[PDB]
Amino acid sequence: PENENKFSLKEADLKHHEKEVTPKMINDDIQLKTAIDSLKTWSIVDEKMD
Amino acid sequence: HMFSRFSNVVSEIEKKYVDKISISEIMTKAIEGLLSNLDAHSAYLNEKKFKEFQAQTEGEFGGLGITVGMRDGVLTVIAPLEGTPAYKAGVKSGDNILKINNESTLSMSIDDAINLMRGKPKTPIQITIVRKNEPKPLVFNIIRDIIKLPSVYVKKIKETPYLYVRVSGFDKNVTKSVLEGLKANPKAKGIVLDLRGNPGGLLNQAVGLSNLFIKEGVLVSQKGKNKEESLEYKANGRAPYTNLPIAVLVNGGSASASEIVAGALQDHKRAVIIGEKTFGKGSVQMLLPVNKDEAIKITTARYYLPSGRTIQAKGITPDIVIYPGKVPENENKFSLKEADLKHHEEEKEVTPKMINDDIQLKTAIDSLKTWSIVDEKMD
Amino acid sequence: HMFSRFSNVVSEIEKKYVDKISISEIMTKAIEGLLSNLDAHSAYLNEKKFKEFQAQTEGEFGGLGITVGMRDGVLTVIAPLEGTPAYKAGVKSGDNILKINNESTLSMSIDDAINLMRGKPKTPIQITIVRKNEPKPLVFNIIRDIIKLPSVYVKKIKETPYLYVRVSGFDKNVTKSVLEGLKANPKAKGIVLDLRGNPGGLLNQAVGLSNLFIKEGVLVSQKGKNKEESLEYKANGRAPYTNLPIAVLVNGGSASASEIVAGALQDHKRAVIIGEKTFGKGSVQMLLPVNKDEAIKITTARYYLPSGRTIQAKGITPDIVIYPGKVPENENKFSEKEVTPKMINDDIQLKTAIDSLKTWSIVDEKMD
Amino acid sequence: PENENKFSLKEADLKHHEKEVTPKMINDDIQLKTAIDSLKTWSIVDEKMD
């Protein structure tokens with residue numbers, strides 16, 4: 001699934017301050033998007049143990 | 001003197017503007033003009049609105065306990081919530097609110113209709129209803145009572161050791177609510193802390209919630225303008241659940257309080273934030289009165305995350321970015337022989353039929369399962 | 001007195017606001033905050049802005065051609081002037097602007113949008129629109145250029161004596177061209193004075209055009225608060241064409257000058273307004289000179305039609321309301337230089353105007 | 001022809017809680033609508049002469 005809407009996150013008077021797997025080939029298929037996601041959780045859990 | 005700039009200009013508007021504006025009312029318009037121009041969140045609460053807004057702040061207050069969704073454009077009855085005063089009145093679905101007492105609320109936006117309906121916590125309001133069966137309006141009186149709408153509920157997942165915790169708004173007992181929910185299920189192995197789209201408010205409970213998990217953490221991570229206002233200390237180490245897997249779900253709505261409980265966990269790597277980018281509302285607002293006891297609401301401090309980065313105008317950048325959708329499936333014939341054949345308390349626990357409707361909750365459960373597998377690898 | 005309230009409020013703001021705001025900036029954010037709340041069209045120009053505006057002139061800044069006016073708290077495109085890039089880009093009246101480039105338009109002043117569109121015409125600029133009957137907004141990449149296309153032409157109808165004069169915009173030459181066309185095309189009778197999509201223009205030329213067809217008197221009465229600035233433009237007796245039929249067309253994308261020509265005729269029973277409701281923008285603002293270099297801009301006075309009605313928000317309600325479409329020439333069977341039946345049948349609002357001229361001719365002949 | 005509005009009062013009109021032509025019938029048939037539109041112009045030309 002891809003983003004479809006552009007919300008008004010920021011408004012006026014706001015405060016300031018080929019040979020590799022591309023995000024396209026990750027997007028077209030979900031089974032490879034969830035396998036990379038499941039790697040991110042492993043990295044987070046590893047960093048929790050220092 | 002310094003007021004020359006505004007005193008000279010306000011003289012012209014007295015005479016040359018078309019509709020004979022009174023200088024007494026001009027100041028009422030200049031104050032509202034100034035505050036709205038400092039930032040995107042300041043506002044002016046005059047005397048009349050002052051006490052009304054103060055009394056109707058976050059929590060329980062008198063009302064009707066009826067959900068409005070404009071189903072048919074006539075204020076249809078969307079949800080007669082169980083146990084609410086409207087349900088005591090016996091309101092039924094299919095009715096619509098043409099008028100309250102003598103005024104066609106349909107011709108007015110819900111902005112003022114909600115104010116009219118939400119009156120005194122005791123004085124009953126004679127609500128007027130219309131049902132298509134009876135052309136003349138029916139009558140249903142909703143006696144007044146403080147509306148007890150919990151902000152947090154905990155419901156198990158049918159086939160997994162993982163709970164589900166919803167956090168919309170923040171009430172005085174958010175921390176107690178989550179803690180008692182966890183106590184009710186001592187054998188949970190992961191919580192999908194869904195605080196998706198929740199704007200914020202009541203920081204004093206966000207810190208308690210985060211402290212319920214982290215052990216070193218931060219006490220209040222804000223600095224402000226004056227040096228005395230900064231409170232970036234450490235949080236206490238009395239957290240019971242210091243190793244429970246977590247996956248907090250965020251969405252563009254989450255602005256201030258759900259942006260400090262989610263962001264605080266991320267910088268301590270105590271959870272996995274799943275969803276879509278957030279609002280980036282890195283500020284707080286004190287409602288300091290002035291003049292005739294009128295709250296000149298204005299920003300007073302800028303929240304900072306533990307790492308030192310700023311959420312303002314930057315969002316929370318969830319680790320696993322995924323937007324709402326449906327989980328794909330492949331099938332050629334109905335799993336059941338027929339929709340009504342061969343099939344021979346729903347809120348008591350999540351079921352796959354509702355998980356498949358929201359891909360994000362599925363992703364959260366997947367992240368919790370990965371966390372469980374990783375934790376089991378350390379045996 | 002009342003000033004004490006404001007002084008206390010500003011003192012409190014200066015004491016607690018996070019970013020150490022200076023007093024000079026507070027006043028620049030209080031005056032600017034007042035005028036915007038006073039009336040949408042109003043605006044504030046400081047010393048620098050006032051100087052740059054004084055140096056500026058309506059020369060090479062053709063712009064997109066979009067004309068915008070506040071309505072229900074959002075910017076809406078009144079109508080893109082005919083022949084300009086915005087018209088050729090598909091922007092239609094009633095579309096609510098959301099963004100110009102990356103700048104969100106929530107709570108801007110009309111002057112800000114006008115200046116955003118103004119500049120070197122060749123500079124590309126992007127626009128985002130919200131259309132009522134189409135989900136999600138749009139995006140338009142438009143290149144601007146100066147426009148010299150004459151604003152009125154008097155194209156004649158093919159098979160009938162009736163003329164057809166299209167007043168697209170009220171420039172300085174609008175009143176001369178219409179009179180010249182009528183003079184050069186005599187013995188024509190009916191005149192379909194088309195004003196649809198004409199956002200507005202010079203008042204001096206709206207009264208100038210209305211002067212041709214009226215002899216009675218007051219055309220448009222302008223009144224503010226005090227009597228000194230109140231004045232009205234009463235047409236002189238020179239009305240070369242005070243007899244021929246007329247049928248003006250007005251559409252939701254017209255206002256100001258095109259709304260005083262249609263309103264002046266309607267109140268003298270001198271023509272038949274045909275179409276939809278009008279946008280209703282009929283106020284007047286000018287820079288206030290006594291400003292200590294910080295020129296401001298307020299709606300000094302508004303326009304009143306001779307009947308006494310004000311057109312600020314009411315607009316003009318046509319006599320014969322008929323919406324756009326194609327005439328139902330079907331079901332009657334088994335299935336350039338002059339307006340032709342092909343074009344008339346593609347515009348129902350123009351078919352009605354011709355019919356309302358035939359009845360006028362019949363009633364004129366019936367008296368003899 | 002239908003105006004740009006899609007619903008307006010299209011659903012749940014209710015309110016109001018035969019012997020004369022009503023606007024619904026005039027909308028139903030275009031010939032009668034043209035006949036009425038050609039009577040208003042007659043009134044306008046009657047007013048002008050006075």
# chains A, B, ... in the order shown; residues from 1 in each chain; ligands from 1
call {"tool": "residues_around", "arguments": {"residues": "residue 256 in chain C", "least_positions_apart": "6", "cutoff": "6 Å", "atoms": "only C-alpha atoms", "output": "MDAnalysis selection string"}}
result
chainID C and resid 200 281:282
call {"tool": "interface_residues", "arguments": {"of": "chain B", "to": "chain D", "cutoff": "10 Å", "atoms": "only C-alpha atoms", "output": "MDAnalysis selection string"}}
result
chainID B and resid 72:74 96 98 130 132 135:137
call {"tool": "calpha_fit_rmsd", "arguments": {"fixed": "chain A", "moving": "chain D"}}
result
7.3 Å
call {"tool": "select_by_dssp", "arguments": {"residues": "range 28-276 of chain C", "states": "strand (DSSP E)", "output": "PDB file with N, CA and C atoms, in the first residue's frame"}}
result
ATOM      1  N   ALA C  43      -5.532  44.511   4.483  1.00  0.00           N
ATOM      2  CA  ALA C  43      -4.149  44.054   4.510  1.00  0.00           C
ATOM      3  C   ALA C  43      -3.291  45.143   5.133  1.00  0.00           C
ATOM      4  N   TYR C  44      -2.042  44.789   5.425  1.00  0.00           N
ATOM      5  CA  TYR C  44      -1.098  45.699   6.058  1.00  0.00           C
ATOM      6  C   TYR C  44       0.212  45.690   5.287  1.00  0.00           C
ATOM      7  N   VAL C  68      -8.782  36.104  -7.310  1.00  0.00           N
ATOM      8  CA  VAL C  68      -9.155  35.382  -6.101  1.00  0.00           C
ATOM      9  C   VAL C  68      -9.851  36.330  -5.137  1.00  0.00           C
ATOM     10  N   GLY C  69     -10.816  35.792  -4.409  1.00  0.00           N
ATOM     11  CA  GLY C  69     -11.518  36.552  -3.391  1.00  0.00           C
ATOM     12  C   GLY C  69     -11.972  35.631  -2.285  1.00  0.00           C
ATOM     13  N   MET C  70     -11.941  36.144  -1.059  1.00  0.00           N
ATOM     14  CA  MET C  70     -12.271  35.324   0.095  1.00  0.00           C
ATOM     15  C   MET C  70     -13.731  34.887   0.045  1.00  0.00           C
ATOM     16  N   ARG C  71     -13.993  33.708   0.604  1.00  0.00           N
ATOM     17  CA  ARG C  71     -15.354  33.210   0.751  1.00  0.00           C
ATOM     18  C   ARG C  71     -15.333  32.057   1.740  1.00  0.00           C
ATOM     19  N   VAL C  74     -11.892  30.646   3.035  1.00  0.00           N
ATOM     20  CA  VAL C  74     -10.898  30.053   2.150  1.00  0.00           C
ATOM     21  C   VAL C  74     -10.794  30.896   0.888  1.00  0.00           C
ATOM     22  N   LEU C  75      -9.659  30.764   0.207  1.00  0.00           N
ATOM     23  CA  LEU C  75      -9.444  31.459  -1.055  1.00  0.00           C
ATOM     24  C   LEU C  75     -10.103  30.672  -2.179  1.00  0.00           C
ATOM     25  N   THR C  76     -10.955  31.338  -2.951  1.00  0.00           N
ATOM     26  CA  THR C  76     -11.623  30.733  -4.092  1.00  0.00           C
ATOM     27  C   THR C  76     -11.330  31.553  -5.337  1.00  0.00           C
ATOM     28  N   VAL C  77     -11.093  30.864  -6.449  1.00  0.00           N
ATOM     29  CA  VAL C  77     -10.815  31.524  -7.719  1.00  0.00           C
ATOM     30  C   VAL C  77     -12.138  32.011  -8.297  1.00  0.00           C
ATOM     31  N   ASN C  96     -11.094  26.016  -4.755  1.00  0.00           N
ATOM     32  CA  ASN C  96     -10.472  26.582  -3.565  1.00  0.00           C
ATOM     33  C   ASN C  96      -8.976  26.300  -3.596  1.00  0.00           C
ATOM     34  N   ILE C  97      -8.174  27.362  -3.650  1.00  0.00           N
ATOM     35  CA  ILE C  97      -6.725  27.212  -3.655  1.00  0.00           C
ATOM     36  C   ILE C  97      -6.268  26.699  -2.296  1.00  0.00           C
ATOM     37  N   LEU C  98      -5.362  25.724  -2.306  1.00  0.00           N
ATOM     38  CA  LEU C  98      -4.755  25.189  -1.091  1.00  0.00           C
ATOM     39  C   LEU C  98      -3.296  25.578  -0.927  1.00  0.00           C
ATOM     40  N   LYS C  99      -2.504  25.522  -1.996  1.00  0.00           N
ATOM     41  CA  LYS C  99      -1.085  25.823  -1.908  1.00  0.00           C
ATOM     42  C   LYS C  99      -0.631  26.525  -3.177  1.00  0.00           C
ATOM     43  N   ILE C 100       0.258  27.498  -3.016  1.00  0.00           N
ATOM     44  CA  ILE C 100       1.038  28.053  -4.116  1.00  0.00           C
ATOM     45  C   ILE C 100       2.483  27.656  -3.866  1.00  0.00           C
ATOM     46  N   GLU C 103       3.967  26.714  -0.184  1.00  0.00           N
ATOM     47  CA  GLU C 103       3.403  27.556   0.864  1.00  0.00           C
ATOM     48  C   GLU C 103       1.924  27.240   1.046  1.00  0.00           C
ATOM     49  N   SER C 104       1.571  26.685   2.202  1.00  0.00           N
ATOM     50  CA  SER C 104       0.169  26.446   2.515  1.00  0.00           C
ATOM     51  C   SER C 104      -0.575  27.772   2.610  1.00  0.00           C
ATOM     52  N   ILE C 125       5.416  28.531 -11.896  1.00  0.00           N
ATOM     53  CA  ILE C 125       4.851  28.482 -10.554  1.00  0.00           C
ATOM     54  C   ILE C 125       3.800  27.386 -10.529  1.00  0.00           C
ATOM     55  N   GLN C 126       3.695  26.705  -9.393  1.00  0.00           N
ATOM     56  CA  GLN C 126       2.774  25.595  -9.215  1.00  0.00           C
ATOM     57  C   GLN C 126       1.607  26.026  -8.336  1.00  0.00           C
ATOM     58  N   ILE C 127       0.447  25.416  -8.572  1.00  0.00           N
ATOM     59  CA  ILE C 127      -0.774  25.733  -7.841  1.00  0.00           C
ATOM     60  C   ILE C 127      -1.490  24.434  -7.507  1.00  0.00           C
ATOM     61  N   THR C 128      -2.131  24.398  -6.344  1.00  0.00           N
ATOM     62  CA  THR C 128      -2.915  23.255  -5.902  1.00  0.00           C
ATOM     63  C   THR C 128      -4.356  23.702  -5.713  1.00  0.00           C
ATOM     64  N   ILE C 129      -5.295  22.914  -6.230  1.00  0.00           N
ATOM     65  CA  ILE C 129      -6.703  23.280  -6.256  1.00  0.00           C
ATOM     66  C   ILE C 129      -7.524  22.145  -5.665  1.00  0.00           C
ATOM     67  N   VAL C 130      -8.642  22.507  -5.043  1.00  0.00           N
ATOM     68  CA  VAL C 130      -9.624  21.553  -4.542  1.00  0.00           C
ATOM     69  C   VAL C 130     -10.920  21.788  -5.300  1.00  0.00           C
ATOM     70  N   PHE C 140      -0.930  22.249 -11.019  1.00  0.00           N
ATOM     71  CA  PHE C 140      -0.883  22.945 -12.299  1.00  0.00           C
ATOM     72  C   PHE C 140       0.458  23.647 -12.435  1.00  0.00           C
ATOM     73  N   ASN C 141       1.237  23.247 -13.435  1.00  0.00           N
ATOM     74  CA  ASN C 141       2.470  23.933 -13.795  1.00  0.00           C
ATOM     75  C   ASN C 141       2.158  24.888 -14.940  1.00  0.00           C
ATOM     76  N   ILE C 142       2.279  26.186 -14.680  1.00  0.00           N
ATOM     77  CA  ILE C 142       1.798  27.217 -15.589  1.00  0.00           C
ATOM     78  C   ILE C 142       2.894  28.252 -15.800  1.00  0.00           C
ATOM     79  N   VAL C 152     -13.176  42.898 -25.687  1.00  0.00           N
ATOM     80  CA  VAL C 152     -14.560  42.815 -26.143  1.00  0.00           C
ATOM     81  C   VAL C 152     -14.590  42.682 -27.658  1.00  0.00           C
ATOM     82  N   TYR C 153     -15.490  41.833 -28.147  1.00  0.00           N
ATOM     83  CA  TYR C 153     -15.780  41.716 -29.568  1.00  0.00           C
ATOM     84  C   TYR C 153     -17.286  41.588 -29.746  1.00  0.00           C
ATOM     85  N   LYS C 156     -21.433  38.825 -34.566  1.00  0.00           N
ATOM     86  CA  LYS C 156     -22.852  38.817 -34.892  1.00  0.00           C
ATOM     87  C   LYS C 156     -23.375  37.390 -34.996  1.00  0.00           C
ATOM     88  N   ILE C 157     -24.654  37.217 -34.666  1.00  0.00           N
ATOM     89  CA  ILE C 157     -25.297  35.912 -34.765  1.00  0.00           C
ATOM     90  C   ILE C 157     -25.643  35.640 -36.223  1.00  0.00           C
ATOM     91  N   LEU C 163     -27.174  40.796 -32.197  1.00  0.00           N
ATOM     92  CA  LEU C 163     -25.727  40.805 -32.057  1.00  0.00           C
ATOM     93  C   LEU C 163     -25.314  39.871 -30.922  1.00  0.00           C
ATOM     94  N   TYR C 164     -24.025  39.878 -30.592  1.00  0.00           N
ATOM     95  CA  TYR C 164     -23.527  39.152 -29.428  1.00  0.00           C
ATOM     96  C   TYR C 164     -22.208  39.798 -29.033  1.00  0.00           C
ATOM     97  N   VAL C 165     -22.210  40.547 -27.935  1.00  0.00           N
ATOM     98  CA  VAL C 165     -21.033  41.276 -27.476  1.00  0.00           C
ATOM     99  C   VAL C 165     -20.529  40.608 -26.205  1.00  0.00           C
ATOM    100  N   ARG C 166     -19.282  40.148 -26.239  1.00  0.00           N
ATOM    101  CA  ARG C 166     -18.669  39.414 -25.134  1.00  0.00           C
ATOM    102  C   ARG C 166     -17.720  40.357 -24.406  1.00  0.00           C
ATOM    103  N   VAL C 167     -18.146  40.847 -23.243  1.00  0.00           N
ATOM    104  CA  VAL C 167     -17.313  41.720 -22.414  1.00  0.00           C
ATOM    105  C   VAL C 167     -16.554  40.804 -21.459  1.00  0.00           C
ATOM    106  N   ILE C 191     -29.307  42.467 -28.371  1.00  0.00           N
ATOM    107  CA  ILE C 191     -27.898  42.438 -27.993  1.00  0.00           C
ATOM    108  C   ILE C 191     -27.717  41.517 -26.795  1.00  0.00           C
ATOM    109  N   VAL C 192     -27.043  40.391 -26.997  1.00  0.00           N
ATOM    110  CA  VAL C 192     -26.769  39.432 -25.934  1.00  0.00           C
ATOM    111  C   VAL C 192     -25.469  39.868 -25.269  1.00  0.00           C
ATOM    112  N   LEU C 193     -25.586  40.659 -24.204  1.00  0.00           N
ATOM    113  CA  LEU C 193     -24.432  41.216 -23.497  1.00  0.00           C
ATOM    114  C   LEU C 193     -23.911  40.162 -22.531  1.00  0.00           C
ATOM    115  N   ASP C 194     -22.952  39.370 -22.998  1.00  0.00           N
ATOM    116  CA  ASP C 194     -22.428  38.244 -22.238  1.00  0.00           C
ATOM    117  C   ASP C 194     -21.395  38.741 -21.234  1.00  0.00           C
ATOM    118  N   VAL C 218     -29.695  57.751 -11.795  1.00  0.00           N
ATOM    119  CA  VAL C 218     -28.702  57.077 -10.966  1.00  0.00           C
ATOM    120  C   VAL C 218     -28.422  55.685 -11.506  1.00  0.00           C
ATOM    121  N   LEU C 219     -27.135  55.370 -11.672  1.00  0.00           N
ATOM    122  CA  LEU C 219     -26.690  54.048 -12.100  1.00  0.00           C
ATOM    123  C   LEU C 219     -26.211  53.204 -10.925  1.00  0.00           C
ATOM    124  N   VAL C 220     -25.241  53.705 -10.164  1.00  0.00           N
ATOM    125  CA  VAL C 220     -24.711  53.002  -9.001  1.00  0.00           C
ATOM    126  C   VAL C 220     -24.433  54.025  -7.910  1.00  0.00           C
ATOM    127  N   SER C 221     -25.018  53.812  -6.736  1.00  0.00           N
ATOM    128  CA  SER C 221     -24.867  54.717  -5.602  1.00  0.00           C
ATOM    129  C   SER C 221     -23.859  54.110  -4.633  1.00  0.00           C
ATOM    130  N   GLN C 222     -22.737  54.797  -4.442  1.00  0.00           N
ATOM    131  CA  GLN C 222     -21.669  54.344  -3.560  1.00  0.00           C
ATOM    132  C   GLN C 222     -21.735  55.125  -2.254  1.00  0.00           C
ATOM    133  N   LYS C 223     -21.808  54.404  -1.138  1.00  0.00           N
ATOM    134  CA  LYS C 223     -21.917  55.020   0.176  1.00  0.00           C
ATOM    135  C   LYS C 223     -21.027  54.284   1.164  1.00  0.00           C
ATOM    136  N   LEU C 231     -20.910  59.164  -2.862  1.00  0.00           N
ATOM    137  CA  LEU C 231     -21.196  59.751  -4.161  1.00  0.00           C
ATOM    138  C   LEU C 231     -21.822  58.688  -5.050  1.00  0.00           C
ATOM    139  N   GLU C 232     -22.562  59.146  -6.055  1.00  0.00           N
ATOM    140  CA  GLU C 232     -23.214  58.264  -7.010  1.00  0.00           C
ATOM    141  C   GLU C 232     -22.979  58.781  -8.420  1.00  0.00           C
ATOM    142  N   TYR C 233     -23.018  57.864  -9.382  1.00  0.00           N
ATOM    143  CA  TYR C 233     -22.768  58.178 -10.783  1.00  0.00           C
ATOM    144  C   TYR C 233     -24.097  58.129 -11.525  1.00  0.00           C
ATOM    145  N   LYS C 234     -24.665  59.299 -11.804  1.00  0.00           N
ATOM    146  CA  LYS C 234     -25.930  59.404 -12.520  1.00  0.00           C
ATOM    147  C   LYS C 234     -25.637  59.587 -14.003  1.00  0.00           C
ATOM    148  N   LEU C 249     -26.070  38.037 -19.774  1.00  0.00           N
ATOM    149  CA  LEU C 249     -25.871  36.748 -19.126  1.00  0.00           C
ATOM    150  C   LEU C 249     -24.853  36.904 -18.007  1.00  0.00           C
ATOM    151  N   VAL C 250     -25.191  36.403 -16.823  1.00  0.00           N
ATOM    152  CA  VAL C 250     -24.304  36.457 -15.670  1.00  0.00           C
ATOM    153  C   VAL C 250     -24.159  35.053 -15.109  1.00  0.00           C
ATOM    154  N   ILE C 274     -29.948  36.778 -17.164  1.00  0.00           N
ATOM    155  CA  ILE C 274     -30.165  35.360 -17.419  1.00  0.00           C
ATOM    156  C   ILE C 274     -28.915  34.598 -17.008  1.00  0.00           C
ATOM    157  N   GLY C 275     -29.093  33.538 -16.228  1.00  0.00           N
ATOM    158  CA  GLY C 275     -27.968  32.718 -15.828  1.00  0.00           C
ATOM    159  C   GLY C 275     -28.107  32.170 -14.427  1.00  0.00           C
TER     160      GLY C 275
END
call {"tool": "residues_around", "arguments": {"residues": "range 31-37 of chain A", "least_positions_apart": "3", "cutoff": "9 Å", "atoms": "only C-alpha atoms", "output": "count of residues only"}}
result
13
call {"tool": "interface_residues", "arguments": {"of": "chain C", "to": "chain B", "cutoff": "9 Å", "atoms": "only C-alpha atoms", "output": "ChimeraX atom specification"}}
result
/C:2-10,12-13,16-20,23-24,26-38,223-226,288,290-292,296,298-302
call {"tool": "interface_residues", "arguments": {"of": "chain A", "to": "chain C", "cutoff": "9 Å", "atoms": "only C-alpha atoms", "output": "list in words"}}
result
residues 4, 5, 6, 8, 10, 11 and 12 of chain A
call {"tool": "write_last_selection", "arguments": {"atoms": "N, CA and C atoms", "output": "tab-separated table (two decimals), in the first residue's frame"}}
result
chain	number	residue	atom	x	y	z
A	4	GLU	N	-1.57	8.03	-0.12
A	4	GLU	CA	-2.53	8.59	-1.06
A	4	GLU	C	-2.94	10.02	-0.74
A	5	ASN	N	-2.77	10.46	0.51
A	5	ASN	CA	-3.27	11.76	0.96
A	5	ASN	C	-2.11	12.63	1.42
A	6	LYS	N	-2.28	13.94	1.26
A	6	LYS	CA	-1.30	14.94	1.68
A	6	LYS	C	-1.98	15.84	2.71
A	8	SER	N	-2.37	18.53	5.93
A	8	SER	CA	-1.79	19.84	6.24
A	8	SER	C	-0.98	19.74	7.53
A	10	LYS	N	2.08	20.95	8.15
A	10	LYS	CA	2.71	22.23	8.48
A	10	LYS	C	1.92	23.36	7.83
A	11	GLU	N	1.72	24.43	8.60
A	11	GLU	CA	0.89	25.55	8.15
A	11	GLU	C	1.65	26.87	8.28
A	12	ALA	N	0.95	27.98	8.09
A	12	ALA	CA	1.56	29.29	8.24
A	12	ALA	C	1.87	29.58	9.70
call {"tool": "select_by_dssp", "arguments": {"residues": "range 137-201 of chain C", "states": "alpha helix (DSSP H)", "output": "list in words"}}
result
residues 174, 175, 176, 177, 178, 179, 180, 181, 182, 183 and 184 of chain C
call {"tool": "closest_residue", "arguments": {"among": "A:7, A:39, A:1, A:19", "to": "residue 253 in chain B", "atoms": "only C-alpha atoms"}}
result
A:7
call {"tool": "atom_distance", "arguments": {"atom1": "CA of residue 315 in chain C", "atom2": "CA of residue 269 in chain C"}}
result
17.3 Å
call {"tool": "residues_around", "arguments": {"residues": "residue 273 in chain C", "least_positions_apart": "6", "cutoff": "8 Å", "atoms": "only C-alpha atoms", "output": "JSON, numbers by chain"}}
result
{"C": [247, 248, 249, 250, 262, 266, 317, 318, 319, 320]}
call {"tool": "write_last_selection", "arguments": {"atoms": "N, CA, C and O atoms", "output": "PDB file, in the first residue's frame"}}
result
ATOM      1  N   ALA C 247     -30.245  41.392 -23.467  1.00  0.00           N
ATOM      2  CA  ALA C 247     -30.360  40.233 -22.587  1.00  0.00           C
ATOM      3  C   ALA C 247     -28.945  39.876 -22.141  1.00  0.00           C
ATOM      4  O   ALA C 247     -28.202  39.243 -22.896  1.00  0.00           O
ATOM      5  N   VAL C 248     -28.588  40.283 -20.935  1.00  0.00           N
ATOM      6  CA  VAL C 248     -27.250  40.048 -20.408  1.00  0.00           C
ATOM      7  C   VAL C 248     -27.229  38.685 -19.741  1.00  0.00           C
ATOM      8  O   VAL C 248     -28.237  38.218 -19.205  1.00  0.00           O
ATOM      9  N   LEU C 249     -26.070  38.037 -19.774  1.00  0.00           N
ATOM     10  CA  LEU C 249     -25.871  36.748 -19.126  1.00  0.00           C
ATOM     11  C   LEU C 249     -24.853  36.904 -18.007  1.00  0.00           C
ATOM     12  O   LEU C 249     -23.779  37.476 -18.218  1.00  0.00           O
ATOM     13  N   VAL C 250     -25.191  36.403 -16.823  1.00  0.00           N
ATOM     14  CA  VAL C 250     -24.304  36.457 -15.670  1.00  0.00           C
ATOM     15  C   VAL C 250     -24.159  35.053 -15.109  1.00  0.00           C
ATOM     16  O   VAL C 250     -25.109  34.264 -15.097  1.00  0.00           O
ATOM     17  N   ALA C 262     -24.865  44.692 -14.792  1.00  0.00           N
ATOM     18  CA  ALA C 262     -26.053  43.847 -14.740  1.00  0.00           C
ATOM     19  C   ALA C 262     -27.057  44.364 -13.720  1.00  0.00           C
ATOM     20  O   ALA C 262     -28.268  44.301 -13.950  1.00  0.00           O
ATOM     21  N   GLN C 266     -30.907  45.810 -14.512  1.00  0.00           N
ATOM     22  CA  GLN C 266     -32.017  45.092 -13.894  1.00  0.00           C
ATOM     23  C   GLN C 266     -32.934  46.038 -13.129  1.00  0.00           C
ATOM     24  O   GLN C 266     -34.160  45.878 -13.155  1.00  0.00           O
ATOM     25  N   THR C 317     -29.490  38.238  -8.465  1.00  0.00           N
ATOM     26  CA  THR C 317     -30.294  37.056  -8.730  1.00  0.00           C
ATOM     27  C   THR C 317     -30.943  37.206 -10.097  1.00  0.00           C
ATOM     28  O   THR C 317     -31.805  38.082 -10.267  1.00  0.00           O
ATOM     29  N   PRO C 318     -30.583  36.396 -11.089  1.00  0.00           N
ATOM     30  CA  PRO C 318     -31.101  36.624 -12.440  1.00  0.00           C
ATOM     31  C   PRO C 318     -32.601  36.397 -12.528  1.00  0.00           C
ATOM     32  O   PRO C 318     -33.186  35.625 -11.765  1.00  0.00           O
ATOM     33  N   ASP C 319     -33.222  37.093 -13.483  1.00  0.00           N
ATOM     34  CA  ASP C 319     -34.655  36.937 -13.706  1.00  0.00           C
ATOM     35  C   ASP C 319     -34.995  35.518 -14.142  1.00  0.00           C
ATOM     36  O   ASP C 319     -35.977  34.934 -13.670  1.00  0.00           O
ATOM     37  N   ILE C 320     -34.199  34.951 -15.037  1.00  0.00           N
ATOM     38  CA  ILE C 320     -34.472  33.647 -15.637  1.00  0.00           C
ATOM     39  C   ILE C 320     -33.269  32.766 -15.330  1.00  0.00           C
ATOM     40  O   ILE C 320     -32.274  32.764 -16.060  1.00  0.00           O
TER      41      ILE C 320
END
call {"tool": "residues_around", "arguments": {"residues": "range 269-276 of chain B", "least_positions_apart": "2", "cutoff": "7 Å", "atoms": "only C-alpha atoms", "output": "list in words"}}
result
residues 41, 44, 47 and 48 of chain A; 245, 246, 247, 248, 249, 250, 251, 252, 265, 266, 267, 278, 318, 319, 320, 321, 322, 323, 360 and 364 of chain B
call {"tool": "residues_around", "arguments": {"residues": "range 200-215 of chain B", "least_positions_apart": "4", "cutoff": "7 Å", "atoms": "only C-alpha atoms", "output": "MDAnalysis selection string"}}
result
chainID B and resid 169:170 172 174:175 219:220 235:242 254:258 261
call {"tool": "residues_around", "arguments": {"residues": "residue 189 in chain C", "least_positions_apart": "3", "cutoff": "9 Å", "atoms": "only C-alpha atoms", "output": "PyMOL selection string"}}
result
chain C and resi 161-163+186+243-246+361
call {"tool": "decode", "arguments": {"residues": "range 35-45 of chain D", "atoms": "C-alpha atoms", "output": "mmCIF file, in the first residue's frame"}}
result
data_model
loop_
_atom_site.group_PDB
_atom_site.id
_atom_site.type_symbol
_atom_site.label_atom_id
_atom_site.label_comp_id
_atom_site.auth_asym_id
_atom_site.auth_seq_id
_atom_site.Cartn_x
_atom_site.Cartn_y
_atom_site.Cartn_z
ATOM 1 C CA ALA D 35 -43.197 29.149 -21.747
ATOM 2 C CA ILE D 36 -42.807 30.599 -18.251
ATOM 3 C CA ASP D 37 -39.420 32.108 -19.129
ATOM 4 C CA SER D 38 -41.110 33.803 -22.094
ATOM 5 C CA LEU D 39 -43.763 35.359 -19.842
ATOM 6 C CA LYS D 40 -41.259 36.986 -17.484
ATOM 7 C CA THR D 41 -39.667 38.848 -20.400
ATOM 8 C CA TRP D 42 -43.130 40.101 -21.307
ATOM 9 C CA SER D 43 -43.494 41.485 -17.781
ATOM 10 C CA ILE D 44 -40.072 43.148 -18.025
ATOM 11 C CA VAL D 45 -41.016 44.843 -21.294
#
